[PDB]
Every structure is written in structure tokens, then in C-alpha cells.
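In what follows, a structure is listed as C-alpha cells, so that the remarks can point back to it.
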There are 2 protein chains.
Amino acid sequence: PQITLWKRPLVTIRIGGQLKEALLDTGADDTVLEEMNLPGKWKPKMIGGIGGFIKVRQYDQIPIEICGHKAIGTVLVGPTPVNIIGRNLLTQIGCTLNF
Amino acid sequence: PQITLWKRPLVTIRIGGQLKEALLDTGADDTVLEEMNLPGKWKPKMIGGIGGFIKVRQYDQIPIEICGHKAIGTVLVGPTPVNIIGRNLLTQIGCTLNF
Ligand SMILES: CC(C)CN(C[C@@H](O)[C@H](Cc1ccccc1)NC(=O)c1cccc(O)c1)S(=O)(=O)c1ccc2ncsc2c1
């Protein structure tokens with residue numbers, strides 16, 4: 001689809017059979033989800049945002065379906081203010097900026 | 001134009017006699033610029049993201065040129081690590097997400 005920006009670009013995602021709302025976030029390098037359980041090994045990671053750095057858990061090769069489009073890649077889990085889909089998965093689903 | 005997201009969507013913006021590189025950021029409600037001594041009235045504000053909150057100064061009705069497209073609107077000025085063009089201005093230059 002084409003998504004305008006007068007409202008937050010929130011989309012439904014499907015991850016581990018669970019539905020969540022997440023923000024399509026072109027300013028984010030990474031995909032970062034609020035606290036949740038995911039299966040498998042994770043690695044401790046630190047990332048930086050506007051307010052400083054936080055600790056996250058890094059899960060690799062996680063399937064997520066974003067607004068009906070399939071991605072498999074890195075998902076970080078931690079104290080993000082909102083679920084965000086970043087460029088690592090935005091590229092997988094073929095998302096571009098257009099004006 | 002179409003901007004892919006393999007790399008950060010940085011573009012050149014102009015605000016007065018200052019050209020700066022800024023992120024086209026669909027995840028940002030508001031436009032946040034690195035410290036600069038803009039003329040005119042402003043109001044204090046705090047905005048939050050990954051890592052917590054920062055203190056910014058809100059300036060209203062500031063003209064900004066973004067890739068040769070004219071915009072005018074609210075700009076938040078503060079200790080952000082990157083210049084961020086938010087939805088308030090992305091809409092004005094006709095920016096959409098597409099996949
Ligand atoms: C986390 C998001 C919900 C919000 N952030 C926008 C993200 O795209 C930020 C942009 C950014 C900030 C600092 C440095 C670089 C880029 N991106 C990230 O937090 C982010 C960046 C890189 C990696 C990563 O994992 C996350 S934001 O920058 O924190 C932001 C911006 C505008 C705004 N207006 C009102 S509240 C508000 C918050």
C-alpha cells in the first residue's frame with residue numbers, strides 16, 4: 001500500500017502467532033519491540049535513541065509479517081516507548097520513501 | 001523521488017543560512033533539530049524516545065526547505081544526536097511510505 005503521514009504509520013504485525021501494532025519508523029536502524037517472550041537464544045545488545053542508550057535482547061532470524069508482507073530478521077526486545085519497525089525489516093518488505 | 005532504506009534516509013535541509021543533513025523520519029511526530037540559535041519566541045518542551053527524554057525549545061512557523069520542497073512549521077531545537085524531519089513537515093513535502 002501507499003501510506004500518508006498525517007497520522008502515525010502504525011501497522012498490524014504478526015510475530016509468533018501474536019498480533020501487535022508497530023510503527024513504521026524510517027529513522028530507526030533496528031526493529032525494536034516492547035517486552036515480550038520470543039523463543040531461542042538471544043544476545044545482550046545496547047542501542048541508542050534520542051534520550052540515551054538502553055539494553056535490549058537481540059533475537060536473530062525471526063519471522064514477522066508486516067501488514068501482510070513477510071520478513072525474517074533481527075528483532076530487538078527492550079524498553080522502547082513503542083513497537084517500531086526499522087530499516088532492517090523495512091528494506092525486506094520493499095518499503096520506500098516517496099515524494 | 002524514491003528513497004530506499006538500505007542506508008539512513010539523510011537529505012539536505014535549509015533553515016536560514018544553515019544547510020544541514022537531516023533524517024526523513026516517519027517515526028517522528030515532530031521535527032527535532034540539533035542546537036541552533038534561531039530568532040524569535042519559543043516554549044520549553046520535553047520529548048521522549050529510546051533512552052528517555054530530552055529538553056527542547058519549540059519554535060513555531062519556521063520556514064524550512066527540504067530537498068527543494070518548501071515547508072513551514074514547528075521545529076523543536078535541542079540536544080538531539082541527529083537532525084530529524086518529522087511528520088509535521090513530511091506531509092508538507094508530499095512524503096509517503098510505499099510497499
Ligand atoms: C523511537 C521513536 C518512536 C521516536 N524517535 C524517532 C526514531 O526514528 C529515532 C530517530 C533517531 C533518534 C536519535 C538518533 C538517531 C535517530 N530513532 C531511534 O530511536 C533509533 C535510531 C537508531 C537505532 C535504533 O535502534 C533506534 S525519536 O527520535 O525519539 C522522536 C522523534 C520525534 C518526536 N516527536 C515527538 S516525540 C518524538 C520522538
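Letters for chains follow the order of the C-alpha cells (A, B, ...), residue numbers begin at 1 for each chain, and ligand numbers begin at 1 in the order shown.
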
Please identify every residue of chain B that has at least one atom no more than 8 Å from any atom of chain A, counting only C-alpha atoms, and report them as number ranges by chain. B: 1-9, 23-29, 48-54, 80-81, 84, 87-88, 90-91, 93-99

Could you save those same residues with N, CA, C and O atoms as a tab-separated table (two decimals), in the first residue's frame?
```tsv
chain	number	residue	atom	x	y	z
B	1	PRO	N	10.92	11.95	-6.05
B	1	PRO	CA	11.98	10.96	-5.88
B	1	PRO	C	11.54	9.77	-5.04
B	1	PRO	O	10.53	9.86	-4.34
B	2	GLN	N	12.28	8.67	-5.16
B	2	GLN	CA	12.10	7.49	-4.32
B	2	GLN	C	13.40	7.24	-3.54
B	2	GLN	O	14.48	7.20	-4.12
B	3	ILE	N	13.28	7.10	-2.23
B	3	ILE	CA	14.42	6.83	-1.37
B	3	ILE	C	14.29	5.42	-0.79
B	3	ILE	O	13.32	5.12	-0.09
B	4	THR	N	15.24	4.55	-1.11
B	4	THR	CA	15.30	3.23	-0.50
B	4	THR	C	15.94	3.37	0.88
B	4	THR	O	16.51	4.42	1.23
B	5	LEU	N	15.84	2.32	1.67
B	5	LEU	CA	16.17	2.41	3.09
B	5	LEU	C	17.35	1.52	3.47
B	5	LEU	O	17.56	1.23	4.64
B	6	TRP	N	18.14	1.13	2.47
B	6	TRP	CA	19.39	0.40	2.72
B	6	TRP	C	20.30	1.18	3.68
B	6	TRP	O	20.99	0.59	4.52
B	7	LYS	N	20.31	2.50	3.51
B	7	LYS	CA	21.04	3.40	4.39
B	7	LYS	C	20.07	4.40	5.01
B	7	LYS	O	18.89	4.46	4.63
B	8	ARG	N	20.57	5.16	5.96
B	8	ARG	CA	19.75	6.19	6.58
B	8	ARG	C	19.25	7.20	5.55
B	8	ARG	O	20.03	7.67	4.71
B	9	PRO	N	17.95	7.53	5.59
B	9	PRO	CA	17.38	8.49	4.65
B	9	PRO	C	17.72	9.94	5.01
B	9	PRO	O	16.86	10.73	5.37
B	23	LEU	N	17.38	13.43	8.86
B	23	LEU	CA	16.66	12.19	8.59
B	23	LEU	C	15.22	12.45	8.22
B	23	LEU	O	14.51	13.12	8.95
B	24	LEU	N	14.76	11.86	7.11
B	24	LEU	CA	13.33	11.81	6.84
B	24	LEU	C	12.77	10.68	7.69
B	24	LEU	O	13.00	9.50	7.39
B	25	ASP	N	12.04	11.03	8.75
B	25	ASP	CA	11.71	10.08	9.80
B	25	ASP	C	10.21	9.93	10.04
B	25	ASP	O	9.57	10.74	10.74
B	26	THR	N	9.67	8.84	9.51
B	26	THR	CA	8.24	8.54	9.62
B	26	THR	C	7.86	8.17	11.05
B	26	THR	O	6.68	8.22	11.40
B	27	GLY	N	8.85	7.82	11.87
B	27	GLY	CA	8.64	7.50	13.28
B	27	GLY	C	8.61	8.68	14.24
B	27	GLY	O	8.38	8.50	15.44
B	28	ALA	N	8.84	9.88	13.69
B	28	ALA	CA	8.89	11.12	14.45
B	28	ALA	C	7.62	11.95	14.23
B	28	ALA	O	7.35	12.37	13.11
B	29	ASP	N	6.85	12.19	15.29
B	29	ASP	CA	5.65	13.05	15.20
B	29	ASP	C	6.05	14.47	14.83
B	29	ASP	O	5.38	15.13	14.02
B	48	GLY	N	10.18	12.42	24.28
B	48	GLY	CA	10.68	11.14	24.70
B	48	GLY	C	10.89	10.17	23.56
B	48	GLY	O	10.14	10.15	22.59
B	49	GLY	N	11.91	9.33	23.71
B	49	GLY	CA	12.15	8.24	22.78
B	49	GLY	C	12.95	7.16	23.45
B	49	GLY	O	12.92	7.02	24.68
B	50	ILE	N	13.71	6.40	22.67
B	50	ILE	CA	14.55	5.36	23.22
B	50	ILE	C	15.61	6.01	24.11
B	50	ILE	O	16.27	6.96	23.69
B	51	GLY	N	15.71	5.54	25.35
B	51	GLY	CA	16.67	6.07	26.30
B	51	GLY	C	16.12	7.11	27.26
B	51	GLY	O	16.74	7.37	28.28
B	52	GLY	N	14.99	7.71	26.92
B	52	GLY	CA	14.29	8.65	27.79
B	52	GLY	C	13.99	9.95	27.08
B	52	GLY	O	13.75	9.97	25.87
B	53	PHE	N	14.01	11.04	27.85
B	53	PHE	CA	13.53	12.34	27.38
B	53	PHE	C	14.69	13.32	27.24
B	53	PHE	O	15.72	13.21	27.93
B	54	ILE	N	14.50	14.27	26.33
B	54	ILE	CA	15.37	15.43	26.21
B	54	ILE	C	14.54	16.71	26.26
B	54	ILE	O	13.35	16.71	25.90
B	80	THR	N	19.62	16.76	20.36
B	80	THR	CA	19.46	15.53	19.61
B	80	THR	C	20.78	15.21	18.89
B	80	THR	O	21.49	16.10	18.42
B	81	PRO	N	21.12	13.91	18.81
B	81	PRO	CA	22.31	13.49	18.07
B	81	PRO	C	22.22	13.60	16.55
B	81	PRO	O	23.24	13.56	15.87
B	84	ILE	N	16.18	15.58	12.72
B	84	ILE	CA	15.06	14.69	12.45
B	84	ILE	C	13.92	15.48	11.81
B	84	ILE	O	13.38	16.40	12.43
B	87	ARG	N	6.82	14.03	10.88
B	87	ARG	CA	5.60	14.01	10.08
B	87	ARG	C	4.97	15.39	9.84
B	87	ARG	O	4.36	15.64	8.78
B	88	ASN	N	5.12	16.30	10.80
B	88	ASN	CA	4.57	17.63	10.62
B	88	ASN	C	5.05	18.31	9.34
B	88	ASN	O	4.32	19.10	8.75
B	90	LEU	N	6.98	16.27	6.83
B	90	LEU	CA	6.99	15.28	5.74
B	90	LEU	C	5.73	15.39	4.88
B	90	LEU	O	5.80	15.32	3.66
B	91	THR	N	4.58	15.56	5.53
B	91	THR	CA	3.32	15.74	4.80
B	91	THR	C	3.34	16.94	3.87
B	91	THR	O	2.75	16.93	2.78
B	93	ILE	N	5.82	18.25	2.28
B	93	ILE	CA	6.57	17.99	1.06
B	93	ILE	C	6.05	16.79	0.26
B	93	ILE	O	6.65	16.41	-0.74
B	94	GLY	N	4.92	16.22	0.68
B	94	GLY	CA	4.24	15.19	-0.10
B	94	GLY	C	4.81	13.79	0.08
B	94	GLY	O	4.74	12.95	-0.83
B	95	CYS	N	5.37	13.54	1.26
B	95	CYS	CA	6.11	12.30	1.50
B	95	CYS	C	5.21	11.17	1.98
B	95	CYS	O	4.44	11.32	2.93
B	96	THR	N	5.33	10.03	1.29
B	96	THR	CA	4.58	8.83	1.64
B	96	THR	C	5.53	7.66	1.83
B	96	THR	O	6.66	7.68	1.33
B	97	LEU	N	5.05	6.65	2.56
B	97	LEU	CA	5.66	5.32	2.58
B	97	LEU	C	4.96	4.43	1.56
B	97	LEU	O	3.74	4.50	1.40
B	98	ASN	N	5.73	3.59	0.88
B	98	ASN	CA	5.18	2.72	-0.15
B	98	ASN	C	5.82	1.35	-0.14
B	98	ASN	O	7.05	1.25	-0.10
B	99	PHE	N	5.00	0.30	-0.19
B	99	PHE	CA	5.49	-1.07	-0.38
B	99	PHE	C	4.40	-1.97	-0.92
B	99	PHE	O	4.64	-3.16	-1.17
```

From a backbone DSSP assignment, name each residue in chain A labelled strand (DSSP E), as a count of residues only. 53

Give the helix (DSSP H, G or I) residues of chain A, as assigned by DSSP on the backbone, as a PyMOL selection string. chain A and resi 87-90

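Ranking B:19, B:62, B:46, B:13 by their shortest atom-to-atom distance to ligand 1, with only C-alpha atoms and all ligand atoms included, puts B:46 first.
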
Judged by only C-alpha atoms and all ligand atoms, the minimum distance to ligand 1 among B:64, B:22, B:71, B:36 is found for B:22

I'd like the interatomic distance between atom 24 (C, counted along the ligand's line) of ligand 1 and CA of residue 70 in chain B, to a tenth of an Å.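 Result for atom 24 (C, counted along the ligand's line) of ligand 1 versus CA of residue 70 in chain B: 28.4 Å, one decimal.
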
Surrounding residues of residue 59 in chain B excluding itself and chain neighbours under 4 positions, 12 Å, only C-alpha atoms, as a PyMOL selection string: chain B and resi 30-33+36-45+63+72-78

So how many Å separate CA of residue 66 in chain A and CA of residue 12 in chain A, to one decimal?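 So the answer is 6.5 Å.
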
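Taking CA of residue 35 in chain A and atom 30 (C, counted along the ligand's line) of ligand 1 as the two end points, the separation is 19.4 Å.
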
A:57, A:18, A:68, A:83: which is nearest ligand 1, counting only C-alpha atoms and all ligand atoms?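 Result for the nearest residue to ligand 1: A:83.
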